[PDB]
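With PDB, C-alpha atoms inside, this is model-v4.pdb:
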MODEL        1
ATOM      1  CA  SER P 857      -3.875  15.817 -10.117
ATOM      2  CA  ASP P 858      -3.957  13.891  -6.816
ATOM      3  CA  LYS P 859      -4.032  17.257  -5.057
ATOM      4  CA  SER P 860      -7.066  18.957  -3.618
ATOM      5  CA  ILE P 861      -9.661  21.270  -5.124
ATOM      6  CA  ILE P 862     -10.440  24.308  -2.989
ATOM      7  CA  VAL P 863     -14.005  25.218  -3.899
ATOM      8  CA  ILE P 864     -14.793  28.846  -3.128
ATOM      9  CA  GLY P 865     -18.136  30.439  -3.789
ATOM     10  CA  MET P 866     -21.527  30.981  -2.239
ATOM     11  CA  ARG P 867     -23.906  28.812  -0.178
ATOM     12  CA  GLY P 868     -27.093  27.473  -1.753
ATOM     13  CA  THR P 869     -29.486  24.572  -1.374
ATOM     14  CA  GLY P 870     -27.644  22.731  -4.160
ATOM     15  CA  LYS P 871     -24.163  24.231  -3.958
ATOM     16  CA  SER P 872     -23.254  21.711  -1.261
ATOM     17  CA  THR P 873     -24.038  18.967  -3.786
ATOM     18  CA  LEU P 874     -21.384  19.910  -6.374
ATOM     19  CA  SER P 875     -18.823  19.983  -3.573
ATOM     20  CA  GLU P 876     -19.539  16.344  -2.708
ATOM     21  CA  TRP P 877     -20.376  15.350  -6.279
ATOM     22  CA  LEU P 878     -16.856  16.453  -7.129
ATOM     23  CA  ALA P 879     -15.699  14.345  -4.189
ATOM     24  CA  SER P 880     -17.639  11.366  -5.489
ATOM     25  CA  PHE P 881     -16.248  11.754  -9.003
ATOM     26  CA  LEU P 882     -12.507  11.676  -8.312
ATOM     27  CA  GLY P 883     -12.716   9.120  -5.521
ATOM     28  CA  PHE P 884     -11.598  11.998  -3.300
ATOM     29  CA  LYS P 885     -12.796  12.722   0.181
ATOM     30  CA  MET P 886     -14.575  15.898   1.240
ATOM     31  CA  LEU P 887     -13.925  18.337   4.094
ATOM     32  CA  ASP P 888     -16.332  21.229   4.416
ATOM     33  CA  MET P 889     -14.925  24.368   5.986
ATOM     34  CA  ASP P 890     -18.254  24.941   7.751
ATOM     35  CA  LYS P 891     -19.246  21.582   9.269
ATOM     36  CA  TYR P 892     -15.668  21.107  10.528
ATOM     37  CA  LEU P 893     -16.383  23.785  13.151
ATOM     38  CA  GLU P 894     -18.962  22.120  15.395
ATOM     39  CA  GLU P 895     -16.997  19.049  16.531
ATOM     40  CA  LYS P 896     -13.881  20.731  17.947
ATOM     41  CA  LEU P 897     -15.781  23.108  20.277
ATOM     42  CA  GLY P 898     -19.099  21.260  20.593
ATOM     43  CA  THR P 899     -21.215  24.326  19.748
ATOM     44  CA  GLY P 900     -23.166  25.114  16.601
ATOM     45  CA  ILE P 901     -22.182  27.219  13.612
ATOM     46  CA  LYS P 902     -24.687  30.055  14.047
ATOM     47  CA  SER P 903     -24.305  30.014  17.845
ATOM     48  CA  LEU P 904     -20.737  31.346  17.548
ATOM     49  CA  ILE P 905     -21.469  34.386  15.358
ATOM     50  CA  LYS P 906     -24.408  35.591  17.480
ATOM     51  CA  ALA P 907     -22.438  35.236  20.740
ATOM     52  CA  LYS P 908     -19.159  37.031  19.962
ATOM     53  CA  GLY P 909     -19.291  38.504  16.454
ATOM     54  CA  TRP P 910     -17.548  38.446  13.103
ATOM     55  CA  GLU P 911     -14.058  38.998  14.523
ATOM     56  CA  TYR P 912     -13.228  35.848  16.499
ATOM     57  CA  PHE P 913     -15.375  33.816  14.105
ATOM     58  CA  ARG P 914     -12.810  34.888  11.505
ATOM     59  CA  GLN P 915      -9.779  34.391  13.784
ATOM     60  CA  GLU P 916     -10.966  30.864  14.587
ATOM     61  CA  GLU P 917     -11.465  30.322  10.839
ATOM     62  CA  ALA P 918      -8.042  31.738   9.928
ATOM     63  CA  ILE P 919      -6.088  29.357  12.170
ATOM     64  CA  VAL P 920      -7.885  26.155  11.125
ATOM     65  CA  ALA P 921      -7.626  27.043   7.425
ATOM     66  CA  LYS P 922      -3.835  26.623   7.474
ATOM     67  CA  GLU P 923      -3.135  22.994   8.332
ATOM     68  CA  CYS P 924      -5.922  21.391   6.276
ATOM     69  CA  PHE P 925      -4.401  23.011   3.184
ATOM     70  CA  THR P 926      -1.145  21.117   3.842
ATOM     71  CA  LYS P 927      -1.890  18.083   6.039
ATOM     72  CA  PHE P 928      -5.246  17.578   4.324
ATOM     73  CA  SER P 929      -3.531  18.589   1.088
ATOM     74  CA  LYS P 930      -3.527  15.284  -0.769
ATOM     75  CA  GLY P 931      -7.052  14.117  -1.063
ATOM     76  CA  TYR P 932      -9.912  16.107   0.445
ATOM     77  CA  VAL P 933     -11.829  18.453  -1.876
ATOM     78  CA  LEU P 934     -11.859  21.317   0.641
ATOM     79  CA  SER P 935     -15.221  22.994   0.294
ATOM     80  CA  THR P 936     -14.510  26.440   1.687
ATOM     81  CA  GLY P 937     -17.092  28.862   3.002
ATOM     82  CA  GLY P 938     -18.807  31.907   1.584
ATOM     83  CA  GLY P 939     -17.387  34.750   3.615
ATOM     84  CA  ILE P 940     -13.825  33.488   3.446
ATOM     85  CA  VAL P 941     -12.691  36.029   0.817
ATOM     86  CA  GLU P 942     -14.268  38.916   2.770
ATOM     87  CA  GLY P 943     -11.019  39.438   4.683
ATOM     88  CA  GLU P 944      -7.638  40.385   3.286
ATOM     89  CA  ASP P 945      -5.308  37.620   4.500
ATOM     90  CA  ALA P 946      -7.679  34.781   3.650
ATOM     91  CA  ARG P 947      -7.674  36.191   0.118
ATOM     92  CA  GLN P 948      -3.887  35.834   0.084
ATOM     93  CA  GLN P 949      -3.535  32.273   1.340
ATOM     94  CA  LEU P 950      -5.935  31.303  -1.442
ATOM     95  CA  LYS P 951      -3.553  32.946  -3.901
ATOM     96  CA  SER P 952      -0.668  30.965  -2.442
ATOM     97  CA  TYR P 953      -2.332  27.817  -3.774
ATOM     98  CA  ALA P 954      -2.558  29.294  -7.264
ATOM     99  CA  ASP P 955       1.045  29.730  -8.360
ATOM    100  CA  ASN P 956       2.223  26.468  -6.786
ATOM    101  CA  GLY P 957      -0.031  24.481  -9.096
ATOM    102  CA  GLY P 958      -3.340  24.153  -7.322
ATOM    103  CA  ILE P 959      -6.832  23.982  -8.751
ATOM    104  CA  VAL P 960      -8.586  26.656  -6.670
ATOM    105  CA  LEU P 961     -12.065  26.926  -8.130
ATOM    106  CA  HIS P 962     -15.153  29.155  -7.947
ATOM    107  CA  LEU P 963     -18.701  27.847  -8.249
ATOM    108  CA  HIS P 964     -20.942  30.632  -9.448
ATOM    109  CA  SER P 985     -32.916  41.409  -2.159
ATOM    110  CA  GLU P 986     -30.823  39.628   0.464
ATOM    111  CA  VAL P 987     -29.143  37.053  -1.801
TER     112      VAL P 987
ENDMDL
END
For the structure just supplied, provide its representation as structure tokens.
Amino acid sequence: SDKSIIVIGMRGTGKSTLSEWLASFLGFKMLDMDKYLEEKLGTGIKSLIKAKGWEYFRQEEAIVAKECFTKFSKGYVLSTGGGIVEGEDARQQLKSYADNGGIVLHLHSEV
């Protein structure tokens, strides 16, 4: 119960609300897996994909997704991104949270 809720799903104009509205309900904190990126390098989110590509944007995402699932385990409702499940190994570390007893959760033309 006191554990996190890993919210997978898409990105909308109101899908960032239910990530923090879930944080505000349980008295739990919130850590987005998108806005965590710009303070450790100092550069923007969209400035990293247009400069190198999808590869090292994923490799930077894959390393930082490990520790916040275990040292930010008890308390932050970890709002994960939209293209996280695009790769194979990020699909598998999500499934590691399932059988241990986690509450991994999905919140349901170009779009």
| request: Identify, on the basis of all atoms listed in the file, every residue whose closest approach to residue P:879 does not exceed 10 Å; exclude the query and any residue fewer than 2 positions from it along the same chain; express the result as a PyMOL selection string. | output: chain P and resi 860-861+873-877+881-887+931-935
| field | Residues within 9 Å of (-13.4, 22.3, 7.4), file coords, only C-alpha atoms, listed as a list in words | value | residues 886, 887, 888, 889, 890, 891, 892, 893, 917, 920, 921, 924, 934, 935, 936 and 937 of chain P
| message | Could you tell me how far atom CA of residue P:986 sits from atom CA of residue P:906, in Å to one decimal place? | response | 18.6 Å
| message | Ranking P:870, P:923, P:929, P:912 by minimum distance to residue P:959 and counting all atoms listed in the file, which one comes first? | response |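 When distances to residue P:959 are compared using all atoms listed in the file, the smallest one comes from P:929.
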| Using only C-alpha atoms, which of the listed residues (P:946, P:927, P:958, P:866) sits closest to residue P:915? |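 So, comparing all the options, the nearest one is P:946.
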| When distances are computed from all atoms listed in the file, which of P:911, P:944, P:957, P:938 shows the smallest separation from residue P:857? |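 Closest candidate: P:957.
The interatomic distance for the pair atom CA of residue P:943 and atom CA of residue P:898 works out to 25.5 Å.
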| said: Take the PyMOL selection byres ((chain P and resi 963) around 10), run it mentally on this structure, and tell me the resulting residues as number ranges by chain. | reply: P: 863-867, 871, 874-875, 961-962, 964
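Picture a line from atom CA of residue P:930 to atom CA of residue P:858; it runs 6.2 Å.
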| message | Can you pull out the residues contacting stretch 948-951 of chain P? Cut-off 10 Å, using all atoms listed in the file, and skip same-chain residues under 6 positions away; I want them as a PyMOL selection string. | response | chain P and resi 862+864+918+921-922+925+940-941+958+960
